[PDB]
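Heads up, the thing below is written out as structure tokens.
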Amino acid sequence: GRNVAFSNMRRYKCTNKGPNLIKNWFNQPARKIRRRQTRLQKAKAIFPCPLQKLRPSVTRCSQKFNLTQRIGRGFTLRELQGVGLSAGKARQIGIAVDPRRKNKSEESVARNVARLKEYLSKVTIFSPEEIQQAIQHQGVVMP
Amino acid sequence: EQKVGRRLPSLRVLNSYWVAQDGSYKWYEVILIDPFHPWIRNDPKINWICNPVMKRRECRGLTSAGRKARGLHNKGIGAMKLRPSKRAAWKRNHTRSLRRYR
Amino acid sequence: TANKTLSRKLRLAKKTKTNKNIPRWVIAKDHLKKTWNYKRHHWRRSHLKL
Amino acid sequence: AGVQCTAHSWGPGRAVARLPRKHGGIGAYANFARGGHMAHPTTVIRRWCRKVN
Amino acid sequence: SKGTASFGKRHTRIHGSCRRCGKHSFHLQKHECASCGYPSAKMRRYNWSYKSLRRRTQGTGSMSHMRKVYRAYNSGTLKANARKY
Amino acid sequence: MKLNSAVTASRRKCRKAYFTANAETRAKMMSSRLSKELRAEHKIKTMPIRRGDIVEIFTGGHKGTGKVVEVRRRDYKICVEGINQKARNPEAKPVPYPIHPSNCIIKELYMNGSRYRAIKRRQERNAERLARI
Amino acid sequence: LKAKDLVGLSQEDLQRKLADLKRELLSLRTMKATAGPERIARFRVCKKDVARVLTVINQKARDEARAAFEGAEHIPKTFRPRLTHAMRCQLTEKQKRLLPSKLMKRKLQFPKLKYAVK
RNA sequence: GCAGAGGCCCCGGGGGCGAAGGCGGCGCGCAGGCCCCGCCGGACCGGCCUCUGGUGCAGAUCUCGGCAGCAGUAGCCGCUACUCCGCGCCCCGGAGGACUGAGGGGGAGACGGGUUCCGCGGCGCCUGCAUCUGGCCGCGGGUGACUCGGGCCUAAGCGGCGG
RNA sequence: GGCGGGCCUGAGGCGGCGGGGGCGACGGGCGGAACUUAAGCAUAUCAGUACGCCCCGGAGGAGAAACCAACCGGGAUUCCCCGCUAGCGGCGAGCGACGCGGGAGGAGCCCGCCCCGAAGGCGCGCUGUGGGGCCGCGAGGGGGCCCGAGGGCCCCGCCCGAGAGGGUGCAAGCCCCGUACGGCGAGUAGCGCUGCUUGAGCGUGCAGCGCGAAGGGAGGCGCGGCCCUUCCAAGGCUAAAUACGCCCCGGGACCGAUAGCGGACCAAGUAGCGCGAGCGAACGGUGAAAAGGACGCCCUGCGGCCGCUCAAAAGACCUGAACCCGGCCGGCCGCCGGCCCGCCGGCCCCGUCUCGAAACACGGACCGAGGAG
RNA sequence: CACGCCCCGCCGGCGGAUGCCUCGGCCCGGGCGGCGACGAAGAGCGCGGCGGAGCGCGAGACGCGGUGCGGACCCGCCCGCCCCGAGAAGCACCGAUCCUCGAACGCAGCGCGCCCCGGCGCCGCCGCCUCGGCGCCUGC
């Protein structure tokens, strides 16, 4: 006994019966191999196209992290006026669109409008050899 | 709905409306769909009923009444512990991961 | 049970038929060298259908 | 392992030892008894993986 | 007369062979099979004993129309599938 | 080594293969080195033993040369003519000594007709390997 | 017997061989009861032979009926494509991918373009 | 000391010129234990370093398997009982003597057993001694219905029922 | 009064087309314990657990805000890492989210309402259809010495994109198979009162009954008044990343026949036992090959004796421990010490509980295996 | 004296320990996700020249037919192939058969029908045909 800080553990539940609540991670190497092949098959399905898509630059939520920026669900319609594109066109060029997102600042529109402009400048669009030698983006676009 | 679904297992249950009520008994009018009629299978809007995942919507509480009892209709704080399912959310929270690299 | 039902008669019949020792040729064909059957039933020794 | 048996202790006054006894009177479900569940079974939960910085 | 004498008066047959399972468990008086589950559509598969389920289930016997159709999925019934669809 | 994963290196998986093999796989297992002359004529290193193939057994026990009189696929053994165990009596059932095909050298083989077509099949297939597969 | 010959015989003729083959089996069986056989070869072969005649008889009438109810839908149950219980009900790709007509106009408005980021 | 793993054993550790185990007998170590020898055995086995562990028994009215001494001991007394001569076995036939004693140890059925029925052979088992005997074993057989019973009808009952 | 024609509710029958039941898992919806823990025990706890019940599917459920937050903000779902806190609780024992952050993965939409109104999926429908994988080739080893047999030693070599392995009569890259190597939105929201649940606390989610709106919901302390920030409930669809048996494939620093599945055995859910629900054993190894026992000599017959086959009887089967027993040969014999060795001296039955055991305290007939931080 | 012990050393019994093995387990990852009225899962009977178990089948029964390999056997006797095609073992893959019960389907389970031999279950959906109603009307 003596000066032991009190245990905060929870007594084991359904140990030998009912729900299987022990889920050992013995497949961690295996899962990583499975995900890699699936990602590689997706990349092959559109060789010129990137596996992932351009995501908006958003300020991290809450005061503790509200001075750095993280990738988010999509660009708002006001941020799409900056690149002059409709929502459907944005999907065609790989821009994900969050129509729900509201910029909440005029400054927010500008960092996003710049990000949208770069994708449109960097992208090359093809509707034979060029597609074969295109080289797709590997990684999150412009992290 | 569950009583109608048992009486006709061949038919699929959509939603149910309310028709009348008396102090002794309430009368709810269910709307059911025949999943095999060529019209239904050859109609884009309702084709989702003939998917076999949607068999017995009412036995598995996947209707609106089910979504009210499970509380799925409430969203946000207060349903956080019932979204994947009432049972699954408890299961995910109460699991010893025992991650390998640990 | 001198009076019997046909269904009862044919399940008892199979038992009488299958109370047979392993054929000698089979014993030496498979080189089994273990004649017994072991599913053989003695009428007095065992109570079938119980 | 060894748990796939129905054994309940016979109880004192029958002369035999009080350990789980199968219907036959055959010892069962004991760390020592033939066919019994091991005293503490080996389990995958053991951390086969140490960690190095 | 509790033991030996009473057993002498057992000249009858409480249980008999049942159509669905073939085990000696159809009680003639109540026309029900304790292990087969006859006469209700659903069989008596109770979870309390797994030792009971592991005795008669799926795979414990013939499995004709199962093995044959599984084999054809491991061969060409999937080709017909696109044809039908 | 065994780069292909499917092949099994457990002794029990490998030995179950040897003891429970079907006949077509049993025959390939039951093969012997063709003689220097036969190897040159057909360009095939080893071929399956047949009911009447002359064989020279280098096995230390019961060695010698004789035609095959029978092949027992079940025990993977081949009974040869002229090679037998010592007989307790001057006249007795000739009891053959079973020899694994590995020991035999096929000095001459039953040509058959299928076996000239099969021997040409190997030579066509062997040719591809010689020119870089 | 050899199946190739059985296709050759006329359909009425095949039955005639079957009737003789059926009697040939009975007479063989009567001999077994009398025996107080020598791996009776005919008995084993004849038993397979009634099947052989029936199989060719069956192929004749199975293909004939399948052909007769060909153009027709509502085909006899056996000759209908076998599939499985699951496949029988499951909707075809062209019933599953049937989009509401309005979506089909908008879908075409912004079609897939291959793009590569530099 | 035990059991596996990653090394090592300076021409690549010891092995059918006999491995592990068995059995006696030495020497060593305070002791756990070790070592050699001979014989039985017949193909695997270690030393040293590091590593993991389902790792050391005299006991738990311990489990499970063998099994002693009691001990040629207790015991083979339900229903009167067999003997003689036929090889004479308790079997069979002949002759005596008796018993069950007509609510029969008699002739048969319902039920329960489910081939136990029969002819022939044989005692390997069993016949709680014996057997040449048989309910045992092998080997072949064996039950035939318009008129007897089921089926049928309803009784107590129990299913069915738009619901 | 009667009798037709439509419309509308309802009958019988036919045709086609579906439903049912099966899975020891995973997933949904339910009905739902108790031992246990609180060193007692009522709330609590086990546990939103077993079990009962009904459902699907290869996944399932979930899911495109009546969302979080309070910021120099995010922005469907699911799963992961993280904080295991905020809280709750005979504030006892215990219990217990989420939002952030870093990741896997990313996909959005439809109806009603509403405008047109058979333009339709037209024997219906204007109570509203319609539009807006297999197949294969596949390298290279000779003598000597010796053994029942080299896959043994001893000299020498050969092939390796193959020295993973298995087989073969002894330890085989080179004897065989292989292996490396190829190819072909209303009875609702709400409110009241009860029950049920949650960590949710003047209430997390639900339900019964009563009563029931219009701009209405939320912002984690209630109740009114005033603002703000944020969303549209009472209708639906939707891939992905997530789970898991039977089933098949590989690897095990796994167990090696009282072990490991109950079940390594030609016939294990079997032989059996129980009216039944149910319970459920035991049993692997001759050798290199059956060569599975020649010749005899015998015998009332059995059965023996020499031997035979065999490296070996290994002979109903490998090794063959202890207990215990029989022949033979020897002694008078427990332990410990001394001495040639049958004499002296010492020596109560161990383990255990206990102040106290040789105890007329208890467990142990023997012996082998299994047996507990 | 025997017996009984200890056996100084020697053979032989009963037993199955030990040591080695080894087509079996257990655990881990993969892959799969493939049942049913076109009768499932299960069960019951029957089927082998000599055939009891198990497996496999279904009166076409220890299989039959077609297709490609494959290439000489067939676990006992026997009979059967042997052959540059003639074709045993083996292997996939399609075509059929499929007896009673079983979700179990003319009604009971072991026996009874009724109809034209097609047959004959039930709950659905949607047509269709034949119909009732002092529902609502409209004529007569």
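All of the numbers you see were taken from the coordinates with simple rules; none came from a lab. In this analysis, Cβ positions are derived from the backbone assuming ideal geometry, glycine residues included, and neighbour counts consider all displayed protein chains.
For chain D, the relative contact order works out to 26 percent when only alpha carbon pairs closer than 8 Å and six or more residues apart are counted.
Its relative contact order, with pairs defined as Cα atoms under 8 Å and 6+ residues apart, puts chain B at 19 percent. Over all other residues within a Cβ to Cβ distance under 9 Å of B:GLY61, the charged ones net out to +3, with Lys and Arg as +1 and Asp and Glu as -1. The separation of segment A:86-130 from segment B:15-57, counted between C-alpha centres, amounts to 42 Å. Once the C-beta distance of B:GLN21 and B:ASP43 is scaled by a Förster radius of 56 Å, the resulting FRET efficiency is 0.95 to the nearest 0.05.
Projected over every direction and averaged, the convex hull enclosing the alpha-carbon atoms of the protein assembly as shown yields 64.5 nm².
Computed over chain F with a Gaussian network model linking Cα atoms closer than 10 Å, the most mobile of F:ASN112, F:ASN22, F:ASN89 is F:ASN89. Based on C-alpha pairs under 8 angstrom that are at least 6 apart in sequence, segment E:1-84 has a relative contact order of 12 percent. With the helix formula -39500 (n - 2.57) applied to DSSP H stretches of n ≥ 4, chain F reaches a computed 222 nm mean residue ellipticity of -9000 deg cm²/dmol. Modelled this way, with points 7 Å down the Cα-to-C-beta line, the labels at F:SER10 and E:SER64 are 3.4 nm from one another. For chain C, a Kirkwood hydrodynamic radius built from all Cα pairs, placed in the Stokes-Einstein relation at 10 °C and 1.306 mPa s, yields a translational diffusion coefficient of 123 µm²/s. Using just its DSSP H runs of length 4 or more, each adding -39500 (n - 2.57), chain E gives a mean residue ellipticity at 222 nm of -8000 deg cm²/dmol after division by all residues. If you take all other residues with their beta carbon under 12 Å from the beta carbon of F:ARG51, and give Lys and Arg +1 and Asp and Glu -1, the sum is +2. Within segment E:22-55, what residues put their amide N at less than 16 Å from the label point 7 Å along the Cα-to-Cβ vector of C:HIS41? So the set is E:22-26.
Only helices enter the 222 nm calculation for chain G: every DSSP H run of n ≥ 4 contributes -39,500 (n - 2.57), and dividing by all residues gives -20500 deg cm²/dmol, rounded to 500.
Taking 7 Å steps out from each Cα toward its Cβ at G:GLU64 and G:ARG23 produces label points 2.4 nm apart.
Near G:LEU98, once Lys and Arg are set to +1 and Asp and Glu to -1 for all other residues with Cβ below 11 Å from its Cβ, the sum equals +3. Here is the list for segment F:1-51: trypsin sites (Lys or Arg not before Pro) lying in DSSP coil, each with at most 16 other C-beta atoms within 10 angstrom of its C-beta, are F:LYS2, F:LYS43, F:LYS45, F:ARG51. In a DSSP loop and with at most 11 other Cβ atoms within 10 Å, the chymotrypsin sites (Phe, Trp or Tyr not before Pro) in chain D are D:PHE32, D:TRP48.
Beyond 24 Å in Cα-Cα separation lie the following of the pairs A:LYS42/G:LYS112; A:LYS102/G:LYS112; D:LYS51/F:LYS2; C:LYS34/E:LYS68; B:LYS75/G:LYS107; A:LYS89/G:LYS94: A:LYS102/G:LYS112; D:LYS51/F:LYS2; C:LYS34/E:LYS68; B:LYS75/G:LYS107; A:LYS89/G:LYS94.
Here is the list for segment F:84-133: GluC sites (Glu not before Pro) lying in DSSP coil, each with at most 14 other C-beta atoms within 10 angstrom of its C-beta, are F:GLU91. Taking the centroid of alpha carbons for each part, segment G:50-118 and chain C are 52 Å apart.
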